[PDB]
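*Asks:* Protein chains in written order, with the authors' numbering: chain K, 61 to 133; chain L, 17 to 97; chain W, 178 to 187, 204 to 475, 481 to 640, 646 to 844, 1006 to 1072, 1118 to 1212, 1245 to 1266.
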Amino acid sequence: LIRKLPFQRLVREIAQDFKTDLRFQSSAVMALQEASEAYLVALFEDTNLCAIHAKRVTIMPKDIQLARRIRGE
Amino acid sequence: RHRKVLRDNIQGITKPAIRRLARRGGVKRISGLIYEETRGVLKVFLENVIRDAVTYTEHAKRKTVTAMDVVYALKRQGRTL
Amino acid sequence: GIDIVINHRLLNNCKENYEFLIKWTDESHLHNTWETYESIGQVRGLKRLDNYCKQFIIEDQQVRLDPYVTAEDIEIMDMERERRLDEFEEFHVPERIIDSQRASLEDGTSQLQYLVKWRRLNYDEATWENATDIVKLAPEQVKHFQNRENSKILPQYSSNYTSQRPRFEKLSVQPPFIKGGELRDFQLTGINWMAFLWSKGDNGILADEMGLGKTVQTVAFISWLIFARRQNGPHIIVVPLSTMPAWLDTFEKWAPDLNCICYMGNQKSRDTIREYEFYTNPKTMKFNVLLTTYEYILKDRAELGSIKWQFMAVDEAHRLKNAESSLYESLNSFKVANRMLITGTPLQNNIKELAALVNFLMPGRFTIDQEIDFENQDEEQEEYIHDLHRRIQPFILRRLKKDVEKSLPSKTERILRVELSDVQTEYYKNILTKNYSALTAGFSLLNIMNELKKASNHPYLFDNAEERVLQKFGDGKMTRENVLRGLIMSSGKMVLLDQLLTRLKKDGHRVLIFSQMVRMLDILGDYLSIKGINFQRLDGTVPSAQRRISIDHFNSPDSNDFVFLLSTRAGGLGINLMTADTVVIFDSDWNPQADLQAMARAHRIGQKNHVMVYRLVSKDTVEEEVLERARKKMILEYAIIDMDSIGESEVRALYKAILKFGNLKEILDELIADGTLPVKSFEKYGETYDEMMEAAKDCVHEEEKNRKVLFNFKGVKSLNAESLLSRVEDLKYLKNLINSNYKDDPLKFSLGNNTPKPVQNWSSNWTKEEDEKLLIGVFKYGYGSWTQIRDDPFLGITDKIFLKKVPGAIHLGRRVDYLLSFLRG
DNA sequence: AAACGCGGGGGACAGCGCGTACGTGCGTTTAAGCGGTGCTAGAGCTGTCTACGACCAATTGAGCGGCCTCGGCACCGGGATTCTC
DNA sequence: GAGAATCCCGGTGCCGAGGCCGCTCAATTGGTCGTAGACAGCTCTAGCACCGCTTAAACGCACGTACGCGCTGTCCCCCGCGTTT
Ligand SMILES: Nc1ncnc2c1ncn2[C@@H]1O[C@H](COP(=O)(O)OP(=O)(O)O)[C@@H](O)[C@H]1O
Ligand code: BEF
Ligand SMILES: [Mg+2]
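#1: Measuring CB atoms only, is the segment 443 to 457 of chain W touching the segment 322 to 331 of chain W, in the sense that at least three cross pairs come out at less than 8 Å?
#2: Alpha carbons only, please: which of W:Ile233, W:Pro260, W:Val825, W:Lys550 is nearest the one belonging to residue 192 (chain W)?
#3: May I ask whether a heavy atom of ligand 3 can be found less than 7 Å away from the beta carbon of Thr436 (chain W)?
#4: For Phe1158 (chain W), report the span of its beta strand (DSSP E) as first-last.
#5: Tell me which residue opens and which closes the alpha helix (DSSP H) that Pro449 (chain W) is part of.
#6: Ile1198 (chain W): buried (16+ other C-beta within 10 angstroms of its C-beta) or exposed?
#7: Just the chain K side, please: which residues come within less than 7 Å of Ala83 (chain L) by C-beta, in chain order?
#8: Let me know if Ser791 (chain W) comes out buried or exposed under the rule of 16 or more other beta-carbons within 10 Å of its beta-carbon.
#9: From what residue to what residue does the beta strand (DSSP E) around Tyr817 (chain W) run?
#10: Going by DSSP, what residue range makes up the beta strand (DSSP E) through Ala535 (chain W)?
#11: Contact defined as beta carbons within less than 8 Å: I believe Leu715 (chain W) pairs with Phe767 (chain W). What is the distance between those atoms, to the nearest angstrom?
#12: Please find out if some non-hydrogen atom of ligand 3 comes closer than 7 Å to the beta-carbon of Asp442 (chain W).
#13: Between the Cα of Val487 (chain W) and those of W:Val182, W:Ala515, W:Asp450, W:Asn758, spot the shortest distance and give me the residue it belongs to.
#14: Just to confirm before moving on: does the CB-CB distance between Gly406 (chain W) and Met538 (chain W) stay below 8 Å?
#15: Tell me where the beta strand (DSSP E) around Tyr316 (chain W) begins and ends.
#16: Mark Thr490 (chain W) as exposed unless 16 or more other C-beta atoms lie within 10 angstroms of its C-beta, in which case mark it buried.
#17: So, is the C-beta of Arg92 (chain L) closer than 8 Å to a C-beta in chain K?
#18: Indicate whether at least one CB of chain K lies closer than 8 Å to the CB of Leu648 (chain W).
#19: Going by DSSP, what residues sit across from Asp85 (chain L) in a beta bridge?
#20: Using a 10 Å radius around the Cβ and a threshold of 16 neighbouring Cβ atoms, would you call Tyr625 (chain W) buried or exposed?
#21: Leaving out five residues on either side along the sequence, give the residues of the same chain with a beta carbon under 6 Å from the beta carbon of residue 957 (chain W).
#22: Would DSSP call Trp440 (chain W) helix, strand or coil?
#23: Using a Cβ-Cβ distance cut-off of 8 Å, determine whether residue 1234 (chain W) contacts chain K.
#24: Below 7 Å, is the gap between the Cβ of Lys675 (chain W) and the nearest heavy atom of ligand 1?
#25: DSSP three-state label for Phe213 (chain W), please.
#26: Could you tell me which uninterrupted beta strand (DSSP E) segments, each at least 3 residues in length, are contained entirely in the segment 372 to 417 of chain W, listed from first to last along the chain?
#27: Would you say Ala76 (chain L) reaches chain K, if we count a Cβ-Cβ gap shorter than 8 Å as a contact?
#28: Are the C-beta atoms of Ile454 (chain W) and some chain L residue less than 8 Å apart?
#29: On the DSSP bridge list, what partners appear for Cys455 (chain W)?
#30: Counting contacts by CB-CB distance shorter than 8 Å, is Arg722 (chain W) in contact with chain L?
#31: Considering only C-alpha positions, which residue in the set W:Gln800, W:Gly426, W:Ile1031 is nearest to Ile505 (chain W)?
#32: Indicate, with yes or no, if ligand 2 has a heavy atom lying under 7 Å from the CB of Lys407 (chain W).
#33: Would you say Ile716 (chain W) lies against chain L (beta-carbon separation less than 8 Å)?
#34: Buried or exposed, going by whether 16 or more other CB atoms sit within 10 Å of the CB of residue 935 (chain W)?
#35: Just jot down, in chain order, the residues whose CB lies closer than 5 Å to any heavy atom of ligand 5.
#36: Note down the Cα distance separating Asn536 (chain W) from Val556 (chain W), rounded to an integer number of angstroms.
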């Protein structure tokens, strides 16, 4: 659901700050994709509960902050 | 002209993709503020998992990150999650 | 609906004053009309007009207002206006009638129509149009069209030779099939070699040196096999995109009779081609030839593999380097009787690649059959390479232009070594020293070789280096002068290039630039622009149409643009640049054959002065070792170097034929070849025709005996005397007189002083003119061809005659009987 | 200390109105996806040799357990200060 | 501004902490033996970067409606306080 090349660029850019000039297996990038998608989808399914609890229809960032607090991060 | 080159990486996650994810997450409507907010969260998640993955690969004196190292990072993250 | 608006003629100033030219979304390009805002009112698409209005406003305001805008910018604006107008006019010109249709309307009226493709559009955005208009717009095109479905050159009637190929003997001269010009002697010899090989059934390659005519040779070979052998099955040619226009043009020049299709473009376009062009009334195929590109192979192999192709070829075989190529796999999924590979150079970087190629030609036991690589120098490599040479030499046709064609001027190959600039030197040293700190303000060091390779030619490929020079001129960076100065001095090899280019500008040379890197080519093009030079680019960024017109323009003999600037990958292959005489290779590929191709694009047949090639190399850089890698690859060439029977169905077909055409024995070969008659001895059909003519005369004598109508042939009752005898003599008389005066053109015909009686109260008005046109129709198509007679639009009949409206086939027959009796009286 | 009863105040709940933001559609532009080009580095494998760890025995010192003594913390009471109505 | 609650100060009581002493067990020292790991070399997979070509996704702007937010009014419940269990 997220474009492969942009995500691979981003993950490489982030990795750069721990140590330069890492190479990556493509399967590792796919694993990162699947993990990140799963995490985001879960976080949305969670925060939607907070949104409907506040009797909203929209998601608002207050709700993300709340969710991240309650699950603990 | 050549000057049309530009760079910004984090925007590679963009509103249509975030929309798709939210719709998969059953969301009805979203404020625009969410787009930058979720990007922050996503960076932190990446930040943590990469830190583990690289630390595996450097302990093995590798130059290449493998899917095995990644999945061991996830097996730590999800249980610590 | 509003389609793109074309032009404007005399925001609120625009809306009040101007009228625009509106194309319509559901209508032909010729249906476009001038409209104002108040004329159009409000309708789907109006924002596009507003967007065009904004464009015109920015066009107007920048033209009028700004003293910072030069007269030259106004010239460029006029050049854009004309460049758009040229295409938008030529879109009126038809190029292919696709199909004929009959339409009936709630008016209570019927019309004939053509599906027509415009001269620069795909088959998507083809449209129906009224037949009796397009016939007067493009009578050449409609006649050329209707010849095709009138033709008998078809897979339906291609003669198979599944038992064995027929006899072949070397053809002494250009066969009369071939019309575009004169074959060269060596070209004819190549055709002979291909014919010889095909008569042995073998697949092969043509590898005569680049530009020696391979397109003409191949199309001629097709023409020979299709006409002489009657190998009229579906044939397929796979083509690198940039050359597709010239191929089609070559087809049109050398063998226009062969109907061919450019299966290309958007999905809907291809779908319409599959709908209307491929199949006879869904199957069997209405076309001789496909041209296509590898993209559409990989996409539509699902469809195209369905066809039982007779013959297949590829213009550039080297693209198939290895058996695992998805193209190689998918093409091997095709079913075809023979294959033919064309190349500039078969001997790519590894003998393994040639082994895969010949495996493509032949089953694996034909191949090298031993995968040991070519030794750099040893005994075993010598015996093995000479073994392979002796195996393969029969299957290669190759010739060198130096040997073949001493008329063409030679080439000089020269290399120029240039010292790095300061910025080049420091960047190079910094990447050599892995200096992440230095490159932080310069960075993906994961390919050191690539990074320093692109550094070595030019520093502005690193995104600060421009600012890193301009900021020490932080005001002058606004000036054209200091921008140019900094750019040119950035890179010593550019300083050299500019000096040489200036000398060639003085001396009136015409020059090609090649590079691998699109960013570099962009920088160099911007250099030309700020120097004010006239040039065109070509690479992957330009779709087919704009590149096609750019090549055409630069080939135009007036063309002011003296520089053309190309990628090696897209621009290296098959482009024709014999208006150029000079080449600069700004950098080289790892593969020498790419450089040979790029050179050869200038060194075509028809180039008429000696060409200079300069290769520019950064001295004391890795690329002069890449040159040694190229030489090491180059080394390889120096190593390898019933008929008596008649069936009742045939009796029927003959009887109908002679009822339409009289003494068929003139036409009769065509009547077999078009399948009207099953294949039998021509002599048998002749004698049985004469026999029944005599039997008809006898029947007339029996009528005379009776007074003073069916009769059988070989018991077949499907015959009568009087209709045949009268029809034969009448049609002979008509065709004789029409030839005798008119034959130069029967459209000249008129019945003249013979004044016929009118039609009796038909549902359609009729005159001597309608009679005359009908007679010309019956001459073109014979008696009783009533569908074709009515359909032919040059007769103007197509409205006037019906499929309970009064005149029909019986009335037409009686009218013809009267008209011919009166004229014969 | 918990349970039970009583009154008053505050919060929660609901409805309404208005404005802004979000969604949708259209048109245009750009980048991604797929295939191919080319090369080198790094992984992955194999073999050999050496040093380190494990095992065993003896010896010695420290740590653990018990006991005793003293100090610090908690609790209680009174007076002063702060916060709330 | 007054009343109640909280805080601070001083003394007493005791229990826990801290230290000392003795004995036993664990750690330390030394020697021997085996193998795992380290080091070196070789082979070839696969990753990195870029081009070509196509098509849809993205991106931008405009328009309209729905939802969110704020305000007002009413009713319920819970909190607080006192008494009894
Ligand atoms: N028989 C011929 N007579 C004259 N000119 C020819 C002939 N064959 C080819 N040419 C010239 O060669 C050019 C086409 O090059 P071509 O041989 O098609 O390239 P390639 O075959 O290498 O792809 C044309 O411009 C044409 O002038
Ligand atoms: F090789 Be040819 F000139 F295309
Ligand atoms: Mg070619």
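Don't be surprised by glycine CBs; every beta carbon is placed ideally from N, CA and C.
*Replies:* Let me lay it out:
#1: no
#2: Any question about the placement of residue 192 (chain W) has no answer from these coordinates, since chain W jumps from 187 to 204.
#3: Translated into positions along the third sequence, residue 436 (chain W) becomes position 243. Answer for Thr436 (chain W): yes, Cβ within range of ligand 3.
#4: Looking up residue 1158 (chain W) in the third sequence gives position 749. Note, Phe1158 (chain W): premise wrong, no beta strand (DSSP E); not H, not E.
#5: The residue labelled residue 449 (chain W) in the question sits at position 256 within the third sequence. Segment: none, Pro449 (chain W) is in no alpha helix (DSSP H) and carries neither H nor E.
#6: Taking the first residue of the third sequence as 1, we reach residue 1198 (chain W) at position 789. That one is buried.
#7: Start at 1 with the first residue of the second sequence, and residue 83 (chain L) comes out as number 67. Residues of chain K passing the Cβ test: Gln85, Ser87, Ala88, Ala91.
#8: What you label residue 791 (chain W) is simply residue 588 of the third sequence in a count that begins at 1. Buried.
#9: Indexing the third sequence from 1 puts residue 817 (chain W) at position 614. Note, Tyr817 (chain W): beta strand (DSSP E), 814 to 821.
#10: The count along the third sequence starts at 1 and reaches residue 535 (chain W) at position 337. Element bounds for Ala535 (chain W): 534 to 540.
#11: Here residue 715 (chain W) is taken as the residue at index 512 of the third sequence, counted from 1. Here residue 767 (chain W) is taken as the residue at index 564 of the third sequence, counted from 1. The Cβ separation is near 5 Å, so the contact holds.
#12: Along the third sequence, one-based indexing puts residue 442 (chain W) at 249. Checking every heavy atom of ligand 3 against the Cβ of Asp442 (chain W), none is found closer than 7 Å.
#13: Position 289 of the third sequence, counting from 1, holds the residue named residue 487 (chain W). Closest option to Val487 (chain W), Cα to Cα, is W:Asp450.
#14: Within the third sequence, the letter at position 213 stands for residue 406 (chain W). Within the third sequence, the letter at position 340 stands for residue 538 (chain W). No; because the gap between Cβ atoms is not below 8 Å, this pair is not in contact.
#15: Position 123 of the third sequence, counting from 1, holds the residue named residue 316 (chain W). Per DSSP, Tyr316 (chain W) belongs to no beta strand (DSSP E) and is neither H nor E.
#16: On the third sequence, residue 490 (chain W) is found 292 positions in, with the first residue counted as 1. By the 10 Å Cβ count, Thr490 (chain W) comes out buried.
#17: Stepping through the second sequence from its first residue, residue 92 (chain L) is reached at position 76. Chain K contact via Cβ: absent.
#18: The residue given as residue 648 (chain W) occupies position 445 in the third sequence. With 8 Å as the cut-off, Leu648 (chain W) counts as an interface residue toward chain K.
#19: In the second sequence, counting from the first residue as 1, residue 85 (chain L) sits at position 69. Per DSSP, none; premise fails for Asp85 (chain L).
#20: For the purposes of this step, residue 625 (chain W) is identified with residue 427 of the third sequence, where counting begins at 1. The residue in question, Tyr625 (chain W), is buried, as its Cβ has 16 or more Cβ neighbours within 10 Å.
#21: Because chain W is numbered 844 and then 1006 with no intervening positions, residue 957 (chain W) cannot be located in this model.
#22: Here residue 440 (chain W) refers to the residue found at position 247 of the third sequence. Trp440 (chain W) falls in the helix class under three-state DSSP.
#23: Regarding the residue in question, residue 1234 (chain W) is not represented: chain W runs 1212 and then 1245, omitting everything in between.
#24: As a position in the third sequence, residue 675 (chain W) is number 472, starting the count at 1. No - ligand 1 has no heavy atom lying nearer than 7 Å to the Cβ of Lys675 (chain W).
#25: Here residue 213 (chain W) corresponds to residue number 20 of the third sequence, with the count starting at 1. Strand, per DSSP.
#26: 397 to 399
#27: To locate residue 76 (chain L), count along the second sequence from 1; it is residue 60. It does not; no Cβ of chain K falls within 8 Å.
#28: Here residue 454 (chain W) is taken as the residue at index 261 of the third sequence, counted from 1. No, its Cβ sits nowhere closer than 8 Å to a Cβ of chain L.
#29: Against the third sequence, residue 455 (chain W) aligns to sequence position 262. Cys455 (chain W) is bridged to W:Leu489.
#30: In the third sequence, residue 722 (chain W) corresponds to position 519, counting from 1. So, interface residue.
#31: On the third sequence, residue 505 (chain W) is found 307 positions in, with the first residue counted as 1. When each option's Cα is compared against that of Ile505 (chain W), the closest is W:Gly426.
#32: In the third sequence, residue 407 (chain W) corresponds to position 214, counting from 1. Yes.
#33: To locate residue 716 (chain W), count along the third sequence from 1; it is residue 513. So, not an interface residue.
#34: This structure gives no coordinates for residue 935 (chain W). The numbering of chain W moves from 844 immediately to 1006.
#35: Ligand 5 is absent from the structure shown, which contains only ligand 1, ligand 2 and ligand 3.
#36: Indexing the third sequence from 1 puts residue 536 (chain W) at position 338. Indexing the third sequence from 1 puts residue 556 (chain W) at position 358. One C-alpha to the other measures close to 14 Å.
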